[PDB]
């Protein structure tokens, strides 16, 4: 197997430069016979290719051109990773960014496709300061459902697990909402059918990365 892992900030000020790096395992950035791409997706501009870097007898780069005047892709061959750097951002540069592996399949070969991808990373372009969530747990015949309320936070991944993610059964984390004063509000639901009210204890794990907020609430009835 091969695997790609993104990382970087999710909030960039206008006019500043985004940086996101993509580490890989199961292959080498410096490898012949494959190539390393940065792509992006916004609902507005669809799915959009940005650049590529790869090594043969030398290091080569291919940019979108499109925008070649703001972009640098370039590999860190020691750490076995490659990094995208995009200058002078505006809101249009808000997207989910993907790193991906363009290489061959086999046999006949010569044929390339981007067959390996990173989870994606949400980068948002704004002046607005990054606020951490205010989190309120709430009180819960067929079944029962409780949950945590993650309130008023800026730029959003905001992912939530349950007691370090041991209960995956009947769990719905809802998308968020923009307010008139733009800030996001998200809420989650976990079900247990009455049953153990006092046998099972529930701590919701709330992750907002760009504010460094990990504060996990234990939900109690009443």
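Residue numbers count along the first chain shown, from 1.
Gap check for residue 140 to residue 141: 4 to 9 deposited residues are absent from the model.
Stretches 166 to 174 and 48 to 56 differ in mean C-alpha B factor, with the higher average recorded for 166 to 174.
Between the stretches 14 to 22 and 198 to 206, it is 198 to 206 that shows the larger average CA temperature factor.
Highest C-alpha temperature factor among 160, 183, 65, 29, as the PDB entry reports it: 160. Each of 91, 113, 118, 147 has a CA temperature factor in the record; the biggest one is found at 147. Looking at the C-alpha B-factors along this chain, the one for residue 191 belongs to the highest third. Ranked within its chain, residue 98 lands in the lowest third, by CA B factor from the PDB record. Annotation for residue 136: CA B-factor lies in the highest third of the chain's modelled residues.
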